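K.L.:
Below is the file target11.cif, which contains mmCIF, N, CA and C atoms.
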data_upload
#
loop_
_atom_site.group_PDB
_atom_site.id
_atom_site.type_symbol
_atom_site.label_atom_id
_atom_site.label_comp_id
_atom_site.auth_asym_id
_atom_site.auth_seq_id
_atom_site.Cartn_x
_atom_site.Cartn_y
_atom_site.Cartn_z
ATOM 1 N N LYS A 755 28.070 5.917 -6.812
ATOM 2 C CA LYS A 755 28.399 4.668 -7.482
ATOM 3 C C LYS A 755 28.798 3.644 -6.432
ATOM 4 N N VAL A 756 28.134 2.494 -6.438
ATOM 5 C CA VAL A 756 28.360 1.480 -5.425
ATOM 6 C C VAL A 756 29.117 0.306 -6.032
ATOM 7 N N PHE A 757 29.563 -0.598 -5.161
ATOM 8 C CA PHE A 757 30.473 -1.670 -5.540
ATOM 9 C C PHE A 757 29.803 -3.040 -5.559
ATOM 10 N N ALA A 758 28.479 -3.088 -5.648
ATOM 11 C CA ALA A 758 27.781 -4.362 -5.717
ATOM 12 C C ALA A 758 26.473 -4.181 -6.467
ATOM 13 N N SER A 759 26.005 -5.275 -7.054
ATOM 14 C CA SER A 759 24.680 -5.386 -7.650
ATOM 15 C C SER A 759 23.935 -6.502 -6.920
ATOM 16 N N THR A 760 23.307 -6.152 -5.805
ATOM 17 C CA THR A 760 22.635 -7.094 -4.927
ATOM 18 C C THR A 760 21.151 -6.765 -4.855
ATOM 19 N N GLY A 761 20.387 -7.684 -4.274
ATOM 20 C CA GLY A 761 18.949 -7.525 -4.243
ATOM 21 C C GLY A 761 18.281 -8.215 -3.074
ATOM 22 N N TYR A 762 17.403 -7.500 -2.376
ATOM 23 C CA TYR A 762 16.627 -8.111 -1.311
ATOM 24 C C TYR A 762 15.527 -8.974 -1.899
ATOM 25 N N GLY A 763 15.318 -10.131 -1.290
ATOM 26 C CA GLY A 763 14.290 -11.037 -1.748
ATOM 27 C C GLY A 763 13.578 -11.764 -0.631
ATOM 28 N N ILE A 764 12.287 -11.980 -0.804
ATOM 29 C CA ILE A 764 11.497 -12.698 0.182
ATOM 30 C C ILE A 764 11.832 -14.175 0.055
ATOM 31 N N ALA A 765 11.922 -14.856 1.192
ATOM 32 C CA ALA A 765 12.418 -16.219 1.275
ATOM 33 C C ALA A 765 11.345 -17.086 1.910
ATOM 34 N N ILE A 766 11.051 -18.196 1.245
ATOM 35 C CA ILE A 766 10.350 -19.330 1.822
ATOM 36 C C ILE A 766 11.139 -20.550 1.402
ATOM 37 N N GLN A 767 11.531 -21.371 2.374
ATOM 38 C CA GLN A 767 12.371 -22.510 2.053
ATOM 39 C C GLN A 767 11.579 -23.561 1.292
ATOM 40 N N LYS A 768 12.062 -23.885 0.088
ATOM 41 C CA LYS A 768 11.631 -24.961 -0.812
ATOM 42 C C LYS A 768 10.263 -24.743 -1.465
ATOM 43 N N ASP A 769 9.517 -23.744 -0.964
ATOM 44 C CA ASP A 769 8.432 -22.969 -1.571
ATOM 45 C C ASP A 769 7.548 -23.722 -2.551
ATOM 46 N N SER A 770 6.929 -24.792 -2.060
ATOM 47 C CA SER A 770 6.320 -25.823 -2.892
ATOM 48 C C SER A 770 5.095 -25.242 -3.580
ATOM 49 N N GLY A 771 5.261 -24.852 -4.837
ATOM 50 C CA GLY A 771 4.190 -24.307 -5.652
ATOM 51 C C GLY A 771 3.967 -22.813 -5.477
ATOM 52 N N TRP A 772 4.123 -22.311 -4.253
ATOM 53 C CA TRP A 772 3.822 -20.918 -3.959
ATOM 54 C C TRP A 772 4.867 -19.976 -4.517
ATOM 55 N N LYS A 773 6.046 -20.491 -4.882
ATOM 56 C CA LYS A 773 7.057 -19.666 -5.536
ATOM 57 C C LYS A 773 6.550 -19.121 -6.862
ATOM 58 N N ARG A 774 5.844 -19.962 -7.625
ATOM 59 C CA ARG A 774 5.273 -19.530 -8.893
ATOM 60 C C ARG A 774 4.199 -18.477 -8.664
ATOM 61 N N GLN A 775 3.465 -18.579 -7.562
ATOM 62 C CA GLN A 775 2.424 -17.597 -7.304
ATOM 63 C C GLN A 775 3.038 -16.265 -6.887
ATOM 64 N N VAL A 776 4.042 -16.314 -6.003
ATOM 65 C CA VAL A 776 4.538 -15.077 -5.417
ATOM 66 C C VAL A 776 5.380 -14.316 -6.421
ATOM 67 N N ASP A 777 6.018 -15.003 -7.376
ATOM 68 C CA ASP A 777 6.925 -14.243 -8.226
ATOM 69 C C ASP A 777 6.119 -13.491 -9.276
ATOM 70 N N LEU A 778 5.060 -14.129 -9.783
ATOM 71 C CA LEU A 778 4.173 -13.435 -10.698
ATOM 72 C C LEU A 778 3.407 -12.342 -9.976
ATOM 73 N N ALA A 779 3.135 -12.516 -8.676
ATOM 74 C CA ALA A 779 2.514 -11.423 -7.932
ATOM 75 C C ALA A 779 3.462 -10.239 -7.757
ATOM 76 N N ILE A 780 4.760 -10.504 -7.606
ATOM 77 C CA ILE A 780 5.744 -9.427 -7.536
ATOM 78 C C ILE A 780 5.861 -8.703 -8.871
ATOM 79 N N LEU A 781 5.922 -9.454 -9.968
ATOM 80 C CA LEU A 781 5.914 -8.840 -11.295
ATOM 81 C C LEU A 781 4.601 -8.131 -11.612
ATOM 82 N N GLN A 782 3.498 -8.572 -11.016
ATOM 83 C CA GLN A 782 2.256 -7.813 -11.083
ATOM 84 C C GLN A 782 2.371 -6.495 -10.330
ATOM 85 N N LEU A 783 2.984 -6.526 -9.152
ATOM 86 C CA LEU A 783 3.142 -5.322 -8.346
ATOM 87 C C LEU A 783 4.099 -4.337 -9.007
ATOM 88 N N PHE A 784 5.166 -4.829 -9.616
ATOM 89 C CA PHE A 784 5.992 -3.947 -10.427
ATOM 90 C C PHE A 784 5.297 -3.519 -11.716
ATOM 91 N N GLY A 785 4.359 -4.316 -12.221
ATOM 92 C CA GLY A 785 3.614 -3.952 -13.416
ATOM 93 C C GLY A 785 2.628 -2.805 -13.286
ATOM 94 N N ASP A 786 2.402 -2.263 -12.093
ATOM 95 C CA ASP A 786 1.449 -1.169 -11.952
ATOM 96 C C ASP A 786 2.051 0.148 -11.462
ATOM 97 N N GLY A 787 3.262 0.136 -10.904
ATOM 98 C CA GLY A 787 3.917 1.324 -10.378
ATOM 99 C C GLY A 787 3.485 1.850 -9.026
ATOM 100 N N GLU A 788 2.655 1.121 -8.281
ATOM 101 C CA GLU A 788 2.364 1.521 -6.903
ATOM 102 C C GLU A 788 3.580 1.366 -6.001
ATOM 103 N N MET A 789 4.498 0.462 -6.357
ATOM 104 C CA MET A 789 5.793 0.374 -5.685
ATOM 105 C C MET A 789 6.532 1.709 -5.702
ATOM 106 N N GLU A 790 6.440 2.447 -6.811
ATOM 107 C CA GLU A 790 7.062 3.765 -6.872
ATOM 108 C C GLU A 790 6.379 4.734 -5.921
ATOM 109 N N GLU A 791 5.064 4.589 -5.762
ATOM 110 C CA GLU A 791 4.371 5.454 -4.829
ATOM 111 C C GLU A 791 4.718 5.077 -3.405
ATOM 112 N N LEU A 792 5.025 3.801 -3.161
ATOM 113 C CA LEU A 792 5.439 3.398 -1.826
ATOM 114 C C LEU A 792 6.809 3.962 -1.501
ATOM 115 N N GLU A 793 7.647 4.134 -2.524
ATOM 116 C CA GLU A 793 8.898 4.860 -2.321
ATOM 117 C C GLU A 793 8.643 6.324 -1.984
ATOM 118 N N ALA A 794 7.632 6.942 -2.613
ATOM 119 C CA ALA A 794 7.237 8.291 -2.192
ATOM 120 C C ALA A 794 6.694 8.351 -0.761
ATOM 121 N N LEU A 795 6.103 7.269 -0.253
ATOM 122 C CA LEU A 795 5.708 7.221 1.158
ATOM 123 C C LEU A 795 6.865 6.901 2.092
ATOM 124 N N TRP A 796 7.856 6.180 1.646
ATOM 125 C CA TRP A 796 8.810 5.701 2.634
ATOM 126 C C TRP A 796 10.241 6.055 2.292
ATOM 127 N N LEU A 797 10.631 5.981 1.028
ATOM 128 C CA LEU A 797 12.043 5.926 0.683
ATOM 129 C C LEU A 797 12.466 7.194 -0.046
ATOM 130 N N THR A 798 11.983 8.335 0.433
ATOM 131 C CA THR A 798 12.308 9.635 -0.132
ATOM 132 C C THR A 798 12.998 10.470 0.932
ATOM 133 N N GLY A 799 14.181 10.969 0.611
ATOM 134 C CA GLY A 799 14.875 11.905 1.463
ATOM 135 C C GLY A 799 14.692 13.339 0.999
ATOM 136 N N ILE A 800 15.214 14.259 1.808
ATOM 137 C CA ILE A 800 15.050 15.687 1.569
ATOM 138 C C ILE A 800 16.440 16.155 1.148
ATOM 139 N N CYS A 801 17.441 16.017 2.015
ATOM 140 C CA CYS A 801 18.786 16.459 1.679
ATOM 141 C C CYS A 801 19.497 15.267 1.073
ATOM 142 N N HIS A 802 19.358 15.138 -0.238
ATOM 143 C CA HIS A 802 20.388 14.746 -1.188
ATOM 144 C C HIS A 802 20.708 15.821 -2.219
ATOM 145 N N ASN A 803 19.742 16.269 -3.020
ATOM 146 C CA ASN A 803 19.654 16.262 -4.479
ATOM 147 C C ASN A 803 20.906 16.178 -5.351
ATOM 148 N N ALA B 661 51.121 40.363 -8.041
ATOM 149 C CA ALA B 661 50.222 41.291 -7.371
ATOM 150 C C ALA B 661 48.892 41.409 -8.106
ATOM 151 N N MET B 662 48.910 41.372 -9.450
ATOM 152 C CA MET B 662 47.631 41.393 -10.150
ATOM 153 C C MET B 662 46.880 40.076 -9.985
ATOM 154 N N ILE B 663 47.614 38.961 -9.859
ATOM 155 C CA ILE B 663 46.987 37.681 -9.541
ATOM 156 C C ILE B 663 46.342 37.739 -8.164
ATOM 157 N N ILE B 664 47.016 38.394 -7.218
ATOM 158 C CA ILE B 664 46.547 38.439 -5.839
ATOM 159 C C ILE B 664 45.263 39.250 -5.754
ATOM 160 N N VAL B 665 45.247 40.428 -6.382
ATOM 161 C CA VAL B 665 44.081 41.288 -6.221
ATOM 162 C C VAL B 665 42.905 40.752 -7.032
ATOM 163 N N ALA B 666 43.184 40.014 -8.114
ATOM 164 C CA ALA B 666 42.102 39.398 -8.871
ATOM 165 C C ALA B 666 41.494 38.231 -8.110
ATOM 166 N N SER B 667 42.337 37.409 -7.483
ATOM 167 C CA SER B 667 41.831 36.276 -6.725
ATOM 168 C C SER B 667 41.096 36.745 -5.485
ATOM 169 N N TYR B 668 41.565 37.836 -4.884
ATOM 170 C CA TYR B 668 40.886 38.393 -3.725
ATOM 171 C C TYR B 668 39.524 38.954 -4.090
ATOM 172 N N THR B 669 39.424 39.626 -5.235
ATOM 173 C CA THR B 669 38.121 40.099 -5.676
ATOM 174 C C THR B 669 37.165 38.973 -6.063
ATOM 175 N N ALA B 670 37.681 37.887 -6.643
ATOM 176 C CA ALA B 670 36.834 36.721 -6.878
ATOM 177 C C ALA B 670 36.378 36.024 -5.601
ATOM 178 N N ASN B 671 37.235 35.962 -4.582
ATOM 179 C CA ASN B 671 36.793 35.426 -3.298
ATOM 180 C C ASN B 671 35.813 36.347 -2.599
ATOM 181 N N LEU B 672 35.919 37.649 -2.856
ATOM 182 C CA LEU B 672 34.999 38.604 -2.257
ATOM 183 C C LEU B 672 33.616 38.405 -2.842
ATOM 184 N N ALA B 673 33.511 38.447 -4.170
ATOM 185 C CA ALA B 673 32.195 38.422 -4.791
ATOM 186 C C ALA B 673 31.568 37.040 -4.648
ATOM 187 N N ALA B 674 32.402 35.993 -4.623
ATOM 188 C CA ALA B 674 31.906 34.636 -4.437
ATOM 189 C C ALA B 674 31.334 34.431 -3.041
ATOM 190 N N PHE B 675 32.065 34.858 -2.004
ATOM 191 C CA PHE B 675 31.532 34.783 -0.648
ATOM 192 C C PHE B 675 30.341 35.709 -0.452
ATOM 193 N N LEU B 676 30.264 36.787 -1.232
ATOM 194 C CA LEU B 676 29.110 37.672 -1.151
ATOM 195 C C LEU B 676 27.856 36.960 -1.637
ATOM 196 N N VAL B 677 27.907 36.354 -2.818
ATOM 197 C CA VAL B 677 26.749 35.658 -3.375
ATOM 198 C C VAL B 677 27.208 34.296 -3.889
ATOM 199 N N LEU B 678 27.045 33.271 -3.056
ATOM 200 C CA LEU B 678 27.248 31.893 -3.479
ATOM 201 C C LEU B 678 25.981 31.056 -3.413
ATOM 202 N N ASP B 679 25.370 30.931 -2.241
ATOM 203 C CA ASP B 679 24.233 30.041 -2.016
ATOM 204 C C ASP B 679 23.635 30.430 -0.665
ATOM 205 N N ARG B 680 22.638 29.666 -0.216
ATOM 206 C CA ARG B 680 22.070 29.752 1.093
ATOM 207 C C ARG B 680 21.535 28.352 1.357
ATOM 208 N N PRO B 681 21.890 27.734 2.482
ATOM 209 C CA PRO B 681 21.287 26.444 2.830
ATOM 210 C C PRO B 681 19.825 26.604 3.203
ATOM 211 N N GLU B 682 18.990 25.707 2.685
ATOM 212 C CA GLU B 682 17.557 25.866 2.867
ATOM 213 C C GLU B 682 16.929 24.539 3.257
ATOM 214 N N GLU B 683 16.203 24.558 4.370
ATOM 215 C CA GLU B 683 15.425 23.436 4.878
ATOM 216 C C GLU B 683 13.937 23.768 4.880
ATOM 217 N N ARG B 684 13.494 24.563 3.909
ATOM 218 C CA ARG B 684 12.091 24.942 3.828
ATOM 219 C C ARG B 684 11.277 23.726 3.423
ATOM 220 N N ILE B 685 10.197 23.467 4.160
ATOM 221 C CA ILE B 685 9.350 22.336 3.827
ATOM 222 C C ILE B 685 8.588 22.619 2.536
ATOM 223 N N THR B 686 8.276 21.552 1.805
ATOM 224 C CA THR B 686 7.530 21.694 0.562
ATOM 225 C C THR B 686 6.053 21.969 0.814
ATOM 226 N N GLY B 687 5.371 21.015 1.439
ATOM 227 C CA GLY B 687 3.957 21.127 1.710
ATOM 228 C C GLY B 687 3.454 19.853 2.342
ATOM 229 N N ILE B 688 2.332 19.341 1.835
ATOM 230 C CA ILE B 688 1.777 18.108 2.366
ATOM 231 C C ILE B 688 2.585 16.885 1.963
ATOM 232 N N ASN B 689 3.396 16.971 0.913
ATOM 233 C CA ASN B 689 4.093 15.797 0.394
ATOM 234 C C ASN B 689 5.551 15.733 0.823
ATOM 235 N N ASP B 690 5.857 16.157 2.041
ATOM 236 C CA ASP B 690 7.225 16.144 2.518
ATOM 237 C C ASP B 690 7.406 15.097 3.601
ATOM 238 N N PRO B 691 8.456 14.277 3.523
ATOM 239 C CA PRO B 691 8.564 13.133 4.439
ATOM 240 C C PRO B 691 8.856 13.509 5.882
ATOM 241 N N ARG B 692 9.434 14.684 6.155
ATOM 242 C CA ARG B 692 9.568 15.094 7.549
ATOM 243 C C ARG B 692 8.236 15.527 8.140
ATOM 244 N N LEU B 693 7.248 15.816 7.301
ATOM 245 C CA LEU B 693 5.905 16.035 7.809
ATOM 246 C C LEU B 693 5.179 14.711 8.000
ATOM 247 N N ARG B 694 5.040 13.936 6.921
ATOM 248 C CA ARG B 694 4.206 12.734 6.928
ATOM 249 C C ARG B 694 4.730 11.647 7.862
ATOM 250 N N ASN B 695 6.048 11.513 8.001
ATOM 251 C CA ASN B 695 6.659 10.627 8.990
ATOM 252 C C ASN B 695 7.428 11.487 9.985
ATOM 253 N N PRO B 696 6.744 12.070 10.960
ATOM 254 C CA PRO B 696 7.384 13.074 11.812
ATOM 255 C C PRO B 696 8.291 12.495 12.883
ATOM 256 N N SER B 697 9.294 13.293 13.240
ATOM 257 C CA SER B 697 10.193 13.007 14.345
ATOM 258 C C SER B 697 9.515 13.334 15.672
ATOM 259 N N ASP B 698 10.210 13.029 16.768
ATOM 260 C CA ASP B 698 9.737 13.430 18.087
ATOM 261 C C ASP B 698 9.803 14.939 18.282
ATOM 262 N N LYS B 699 10.686 15.627 17.556
ATOM 263 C CA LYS B 699 10.838 17.077 17.678
ATOM 264 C C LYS B 699 9.771 17.878 16.942
ATOM 265 N N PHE B 700 8.783 17.239 16.336
ATOM 266 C CA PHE B 700 7.944 17.893 15.344
ATOM 267 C C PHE B 700 6.568 18.007 15.970
ATOM 268 N N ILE B 701 6.355 19.079 16.722
ATOM 269 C CA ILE B 701 5.020 19.652 16.826
ATOM 270 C C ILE B 701 4.564 20.301 15.530
ATOM 271 N N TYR B 702 3.855 19.526 14.718
ATOM 272 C CA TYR B 702 2.997 20.023 13.647
ATOM 273 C C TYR B 702 1.555 19.867 14.110
ATOM 274 N N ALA B 703 1.204 20.547 15.202
ATOM 275 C CA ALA B 703 -0.188 20.761 15.584
ATOM 276 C C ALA B 703 -0.821 22.071 15.133
ATOM 277 N N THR B 704 -2.119 22.173 15.410
ATOM 278 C CA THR B 704 -2.989 23.250 14.953
ATOM 279 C C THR B 704 -3.951 23.642 16.068
ATOM 280 N N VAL B 705 -5.003 24.376 15.713
ATOM 281 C CA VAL B 705 -6.015 24.825 16.662
ATOM 282 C C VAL B 705 -7.055 23.719 16.812
ATOM 283 N N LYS B 706 -7.899 23.797 17.842
ATOM 284 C CA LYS B 706 -8.967 22.827 18.032
ATOM 285 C C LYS B 706 -10.247 23.297 17.364
ATOM 286 N N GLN B 707 -11.146 22.332 17.139
ATOM 287 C CA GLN B 707 -12.526 22.559 16.696
ATOM 288 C C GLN B 707 -12.594 23.296 15.366
ATOM 289 N N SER B 708 -11.598 23.077 14.523
ATOM 290 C CA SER B 708 -11.525 23.663 13.197
ATOM 291 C C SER B 708 -11.847 22.635 12.129
ATOM 292 N N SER B 709 -12.076 23.153 10.927
ATOM 293 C CA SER B 709 -12.316 22.303 9.775
ATOM 294 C C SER B 709 -11.056 21.572 9.350
ATOM 295 N N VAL B 710 -9.887 22.076 9.755
ATOM 296 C CA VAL B 710 -8.626 21.372 9.548
ATOM 297 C C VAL B 710 -8.640 20.035 10.275
#
Any chance you could put this one into structure tokens?
P.N.:
Amino acid sequence: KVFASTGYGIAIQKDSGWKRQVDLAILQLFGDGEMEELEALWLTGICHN
Amino acid sequence: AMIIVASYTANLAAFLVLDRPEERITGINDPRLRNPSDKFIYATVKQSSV
């Protein structure tokens, strides 16, 4: 149990128009679950369970 | 004294069979294989179908 609810986010300053493109592209990427497979490639440990 | 000998027998049987730490690899889908350390010779033979 952690003491914050924070989130990493990609930053482009003032993001003229491209903010609308990139955020729907992120929701597209979350809409397919390949992000979960990328966690299986990168963000999986052995000694927790 | 009955508390002592009962607790001693529970510590005996518990230390006899509690667990075993295990670092056995799973297979192809294990991250210490797919993203190997410098200590990891996971090599094989030459000129094989592998």
K.L.:
I need the chain A residues near chain B as a PyMOL selection string; criterion: at most 8 Å, counting all atoms listed in the file.
P.N.:
chain A and resi 794-796+798-800
K.L.:
Using DSSP assignments from the backbone, pull out every residue in chain A that falls under alpha helix (DSSP H) and give it to me as a list in words.
P.N.:
residues 772, 773, 774, 775, 776, 777, 778, 779, 780, 781, 782, 783, 784, 788, 789, 790, 791, 792, 793, 794, 795 and 796 of chain A
K.L.:
Just N, CA and C atoms for this one: save the residues we selected as an mmCIF file, in the coordinates of the input.
P.N.:
data_model
loop_
_atom_site.group_PDB
_atom_site.id
_atom_site.type_symbol
_atom_site.label_atom_id
_atom_site.label_comp_id
_atom_site.auth_asym_id
_atom_site.auth_seq_id
_atom_site.Cartn_x
_atom_site.Cartn_y
_atom_site.Cartn_z
ATOM 1 N N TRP A 772 4.123 -22.311 -4.253
ATOM 2 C CA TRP A 772 3.822 -20.918 -3.959
ATOM 3 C C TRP A 772 4.867 -19.976 -4.517
ATOM 4 N N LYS A 773 6.046 -20.491 -4.882
ATOM 5 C CA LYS A 773 7.057 -19.666 -5.536
ATOM 6 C C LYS A 773 6.550 -19.121 -6.862
ATOM 7 N N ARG A 774 5.844 -19.962 -7.625
ATOM 8 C CA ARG A 774 5.273 -19.530 -8.893
ATOM 9 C C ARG A 774 4.199 -18.477 -8.664
ATOM 10 N N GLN A 775 3.465 -18.579 -7.562
ATOM 11 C CA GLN A 775 2.424 -17.597 -7.304
ATOM 12 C C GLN A 775 3.038 -16.265 -6.887
ATOM 13 N N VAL A 776 4.042 -16.314 -6.003
ATOM 14 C CA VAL A 776 4.538 -15.077 -5.417
ATOM 15 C C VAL A 776 5.380 -14.316 -6.421
ATOM 16 N N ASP A 777 6.018 -15.003 -7.376
ATOM 17 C CA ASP A 777 6.925 -14.243 -8.226
ATOM 18 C C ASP A 777 6.119 -13.491 -9.276
ATOM 19 N N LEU A 778 5.060 -14.129 -9.783
ATOM 20 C CA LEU A 778 4.173 -13.435 -10.698
ATOM 21 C C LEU A 778 3.407 -12.342 -9.976
ATOM 22 N N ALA A 779 3.135 -12.516 -8.676
ATOM 23 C CA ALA A 779 2.514 -11.423 -7.932
ATOM 24 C C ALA A 779 3.462 -10.239 -7.757
ATOM 25 N N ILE A 780 4.760 -10.504 -7.606
ATOM 26 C CA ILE A 780 5.744 -9.427 -7.536
ATOM 27 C C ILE A 780 5.861 -8.703 -8.871
ATOM 28 N N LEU A 781 5.922 -9.454 -9.968
ATOM 29 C CA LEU A 781 5.914 -8.840 -11.295
ATOM 30 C C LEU A 781 4.601 -8.131 -11.612
ATOM 31 N N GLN A 782 3.498 -8.572 -11.016
ATOM 32 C CA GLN A 782 2.256 -7.813 -11.083
ATOM 33 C C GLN A 782 2.371 -6.495 -10.330
ATOM 34 N N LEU A 783 2.984 -6.526 -9.152
ATOM 35 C CA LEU A 783 3.142 -5.322 -8.346
ATOM 36 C C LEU A 783 4.099 -4.337 -9.007
ATOM 37 N N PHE A 784 5.166 -4.829 -9.616
ATOM 38 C CA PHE A 784 5.992 -3.947 -10.427
ATOM 39 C C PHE A 784 5.297 -3.519 -11.716
ATOM 40 N N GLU A 788 2.655 1.121 -8.281
ATOM 41 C CA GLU A 788 2.364 1.521 -6.903
ATOM 42 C C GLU A 788 3.580 1.366 -6.001
ATOM 43 N N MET A 789 4.498 0.462 -6.357
ATOM 44 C CA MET A 789 5.793 0.374 -5.685
ATOM 45 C C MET A 789 6.532 1.709 -5.702
ATOM 46 N N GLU A 790 6.440 2.447 -6.811
ATOM 47 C CA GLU A 790 7.062 3.765 -6.872
ATOM 48 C C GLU A 790 6.379 4.734 -5.921
ATOM 49 N N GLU A 791 5.064 4.589 -5.762
ATOM 50 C CA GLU A 791 4.371 5.454 -4.829
ATOM 51 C C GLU A 791 4.718 5.077 -3.405
ATOM 52 N N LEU A 792 5.025 3.801 -3.161
ATOM 53 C CA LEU A 792 5.439 3.398 -1.826
ATOM 54 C C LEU A 792 6.809 3.962 -1.501
ATOM 55 N N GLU A 793 7.647 4.134 -2.524
ATOM 56 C CA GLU A 793 8.898 4.860 -2.321
ATOM 57 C C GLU A 793 8.643 6.324 -1.984
ATOM 58 N N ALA A 794 7.632 6.942 -2.613
ATOM 59 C CA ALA A 794 7.237 8.291 -2.192
ATOM 60 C C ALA A 794 6.694 8.351 -0.761
ATOM 61 N N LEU A 795 6.103 7.269 -0.253
ATOM 62 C CA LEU A 795 5.708 7.221 1.158
ATOM 63 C C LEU A 795 6.865 6.901 2.092
ATOM 64 N N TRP A 796 7.856 6.180 1.646
ATOM 65 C CA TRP A 796 8.810 5.701 2.634
ATOM 66 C C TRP A 796 10.241 6.055 2.292
#
K.L.:
Report as lines of an AutoDock Vina configuration file the centre and the edge lengths, in Å to one decimal, of the axis-aligned box holding every listed atom of segment 680-687 of chain B, padded by 3 Å on each side.
P.N.:
center_x = 13.0
center_y = 24.8
center_z = 2.3
size_x = 25.2
size_y = 15.9
size_z = 11.1
K.L.:
What is the distance between atom C of residue 704 of chain B and atom N of residue 688 of chain B, in Å to one decimal?
P.N.:
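For atom C of residue 704 of chain B relative to atom N of residue 688 of chain B, the distance reads 16.1 Å.
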K.L.:
Tell me, in Å to one decimal, how far atom N of residue 801 of chain A is from atom CA of residue 784 of chain A.
P.N.:
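Going from atom N of residue 801 of chain A over to atom CA of residue 784 of chain A, I get 26.2 Å.
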K.L.:
Give as a short mmCIF file (atom, residue, chain, number, x, y, z; two decimals) with N, CA and C atoms, in the frame of the given file every residue, naming chains and numbers as the document does, that has an atom within 12 Å of (10.0, -11.5, 0.6), counting only C-alpha atoms.
P.N.:
data_model
loop_
_atom_site.label_atom_id
_atom_site.label_comp_id
_atom_site.auth_asym_id
_atom_site.auth_seq_id
_atom_site.Cartn_x
_atom_site.Cartn_y
_atom_site.Cartn_z
N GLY A 761 20.39 -7.68 -4.27
CA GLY A 761 18.95 -7.52 -4.24
C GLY A 761 18.28 -8.22 -3.07
N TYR A 762 17.40 -7.50 -2.38
CA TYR A 762 16.63 -8.11 -1.31
C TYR A 762 15.53 -8.97 -1.90
N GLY A 763 15.32 -10.13 -1.29
CA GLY A 763 14.29 -11.04 -1.75
C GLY A 763 13.58 -11.76 -0.63
N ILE A 764 12.29 -11.98 -0.80
CA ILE A 764 11.50 -12.70 0.18
C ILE A 764 11.83 -14.18 0.06
N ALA A 765 11.92 -14.86 1.19
CA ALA A 765 12.42 -16.22 1.27
C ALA A 765 11.34 -17.09 1.91
N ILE A 766 11.05 -18.20 1.25
CA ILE A 766 10.35 -19.33 1.82
C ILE A 766 11.14 -20.55 1.40
N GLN A 767 11.53 -21.37 2.37
CA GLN A 767 12.37 -22.51 2.05
C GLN A 767 11.58 -23.56 1.29
N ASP A 769 9.52 -23.74 -0.96
CA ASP A 769 8.43 -22.97 -1.57
C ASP A 769 7.55 -23.72 -2.55
N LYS A 773 6.05 -20.49 -4.88
CA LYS A 773 7.06 -19.67 -5.54
C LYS A 773 6.55 -19.12 -6.86
N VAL A 776 4.04 -16.31 -6.00
CA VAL A 776 4.54 -15.08 -5.42
C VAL A 776 5.38 -14.32 -6.42
N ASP A 777 6.02 -15.00 -7.38
CA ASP A 777 6.92 -14.24 -8.23
C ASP A 777 6.12 -13.49 -9.28
N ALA A 779 3.14 -12.52 -8.68
CA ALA A 779 2.51 -11.42 -7.93
C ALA A 779 3.46 -10.24 -7.76
N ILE A 780 4.76 -10.50 -7.61
CA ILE A 780 5.74 -9.43 -7.54
C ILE A 780 5.86 -8.70 -8.87
#
